[PDB]
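Worksheet: one structure, shown below.
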Amino acid sequence: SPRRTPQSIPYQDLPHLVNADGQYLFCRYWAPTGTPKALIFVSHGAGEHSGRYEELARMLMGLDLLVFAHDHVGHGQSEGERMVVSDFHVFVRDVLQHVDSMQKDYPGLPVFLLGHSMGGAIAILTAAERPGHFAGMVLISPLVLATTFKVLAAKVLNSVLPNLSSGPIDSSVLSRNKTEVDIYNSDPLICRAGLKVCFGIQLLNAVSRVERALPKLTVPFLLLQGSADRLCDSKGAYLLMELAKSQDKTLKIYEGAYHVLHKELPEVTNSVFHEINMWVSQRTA
Ligand SMILES: O=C1CC[C@@H](CCC(=O)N2CCC(COc3ccc(F)cc3Cl)CC2)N1
Ligand SMILES: [Cl-]
């Protein structure tokens, strides 16, 4: 019996790769016609999948970039227990595998990363693991940072039952655009389950690792952040601008905006799209 997605579609029918753990990841490509100027991997966030970057990805392909992506393990059309991972580094390992593959097939080309939220944390750790290799990083409200005993309490019963959950990601604080909160609450590829303690700990490892990595980054980046984000605190973006050694770093703050700036009120989203577009054009031209 052919291996199937968690939505029972056979992987022989979809673009895919197999990770070091023997798991199938669903892959997604937007290739320009004629020869590409650069490569860019798009790294999605927690609960979501590659499909949510359709718009951004089409805009990047339109600047003649080869845009590729995959669903992280335990997300989207990829394999694994939903929103669980053996160590956060699996995600980074899997991005590097996909990047190394794409580079083999398009040698010469600069490679960029775009990440949102958890996908931004993965973007940072990926660049930090191959210092000097990435041409640029586009970070949309990356996970860079919530109490002390809830931290200490987690790893206590991470031994007992780590399959206990806290609340789901609260969808009302995702975007002031209610159409996009509706779309989020409707997408059958989005896992809206509670946050498992075991996943909660990996997210804490990620935060911890990202903070140790910040002082070591040199990669150019564009950092977009909402001031009223209840999921990834604005202070994290300020901290990344403080600690990164990158000679080429830009912060744009969207006053009042929630977490998902690429799916916000259209004044914000159109700005987000325009800024990413200008910043990538200037660095591929
Ligand atoms: O378009 C979209 C749809 C989905 C959204 C992205 C969501 C995403 O990736 N999140 C948001 C929640 C954040 C929770 O963080 C923690 C939770 C518990 C914990 F114990 C320690 C941490 Cl650090 C992690 C990252 N954007
Ligand atoms: Cl890691």
Side-chain angles (χ1 to χ4, degrees), residues 42-56 71-72 74-76 83-96 114-130 139-158 162 164-175 177 179-187 189-214 216 224 226 229-233 235-236 257-264 269 272:
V42 176
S43 170
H44 73 74
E48 63 158 1
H49 62 103
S50 61
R52 284 179 59 78
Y53 292 84
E54 241 296 307
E55 286 276 283
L56 282 169
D71 296 343
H72 299 302
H75 295 72
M83 296 193 59
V84 126
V85 60
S86 72
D87 184 71
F88 194 96
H89 182 77
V90 160
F91 293 147
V92 175
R93 180 200 73 195
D94 288 354
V95 173
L96 289 176
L114 188 148
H116 167 53
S117 209
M118 186 190 74
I122 295 166
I124 295 157
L125 292 179
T126 299
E129 167 162 335
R130 299 265 179 92
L139 292 178
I140 304 172
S141 54
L143 173 58
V144 183
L145 305 172
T147 57
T148 295
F149 188 50
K150 289 204 280 189
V151 159
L152 180 52
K155 31 172 55 182
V156 165
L157 48 68
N158 193 26
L164 291 158
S165 97
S166 62
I169 290 159
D170 172 7
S171 84
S172 70
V173 305
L174 277 181
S175 178
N177 187 331
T179 280
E180 285 297 338
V181 177
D182 290 342
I183 282 168
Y184 172 84
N185 281 320
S186 271
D187 190 352
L189 298 184
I190 298 183
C191 175
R192 284 170 299 265
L195 177 67
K196 310 230 186 102
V197 160
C198 60
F199 200 54
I201 272 122
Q202 286 319 315
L203 288 183
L204 284 174
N205 291 336
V207 161
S208 153
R209 285 165 195 177
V210 160
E211 296 196 28
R212 281 204 318 281
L214 282 195
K216 216 203 171 82
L224 312 179
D229 189 334
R230 266 161 280 199
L231 291 172
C232 294
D233 197 60
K235 278 147 207 200
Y258 289 18
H259 181 55
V260 186
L261 299 169
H262 58 289
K263 293 181 185 308
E264 241 284 350
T269 292
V272 166

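Hydrogens, waters and symmetry mates are skipped; everything else that's a heavy atom, side chains included, is used. We count ligands from 1, going down the list as the structure has it; atoms in each ligand are counted the same way. All residue numbers refer to positions in the sequence shown, counting from 1.
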Is the backbone N or O of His44 less than 3.5 Å from a side-chain atom of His49, with the two atoms forming a donor-acceptor pair by type? no

Within the distance-only criterion (no hydrogens, no angle test), does the side chain of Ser141 pair as donor or acceptor with the backbone N or O of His259 below 3.5 angstrom? yes

protein heavy-atom neighbour closest to atom 22 (C) of ligand 1 works out as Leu203 CB, 3.8 Å

Find all atoms of ligand 1 within a distance of less than 4.0 Å from any non-hydrogen atom belonging to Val260, and give their numbers and elements. 1 (O), 2 (C), 26 (N)

Give the atom numbers and elements of ligand 1 that come within less than 4.0 Å of a heavy atom of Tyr184. 3 (C)

Please answer whether the main-chain N or O of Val181 pairs with a side-chain N or O of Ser175 as donor and acceptor at a distance below 3.5 Å. no

Could you tell me the residue and atom name of the protein heavy atom closest to atom 13 (C) of ligand 1, and the distance to it rounded to 0.1 Å? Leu231 O, 4.3 Å

Near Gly45 (heavy-atom distance under 4.0 Å), the atoms of ligand 1 are 9 (O)

Plane angle bin for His116 and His262 - parallel if under 30°, tilted between 30 and 60°, otherwise perpendicular: perpendicular

So is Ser117 polar-close to ligand 1, meaning N/O to N/O under 3.5 Å? yes

Would you say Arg52 has any N or O atom under 3.5 Å from an N or O of ligand 1, going by distance alone? yes

Residue, atom and distance of the protein heavy atom nearest atom 4 (C) of ligand 1 read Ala46 O, 3.4 Å

Name the closest protein heavy atom to atom 19 (C) of ligand 1, giving the residue it belongs to and the distance to 0.1 Å. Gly200 O, 3.8 Å

When the ring planes of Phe91 and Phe199 are compared, do they come out parallel, tilted or perpendicular, using 30° and 60° as the limits? perpendicular

Taking 4.0 Å as the limit for heavy-atom contacts, which would you say applies to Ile201 with ligand 1: side chain only, backbone only, both, or neither? neither

min-distance protein heavy atom vs atom 17 (C) of ligand 1 -> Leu195 CD2, 3.3 Å

With a 6.0 Å cut-off (strictly less than), is the heavy-atom count around CD of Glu54, excluding the residue itself, greater than 12? yes

Sub-3.5 Å donor-acceptor pair from the side chain of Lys263 to the main-chain atoms of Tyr184, do we have one? no

For atom 26 (N) of ligand 1, which of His116, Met118, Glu48, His75 has the closest heavy atom? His116

Nearest-0.5 Å distance, CG of residue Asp87 to CZ of residue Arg93: 9.5 Å

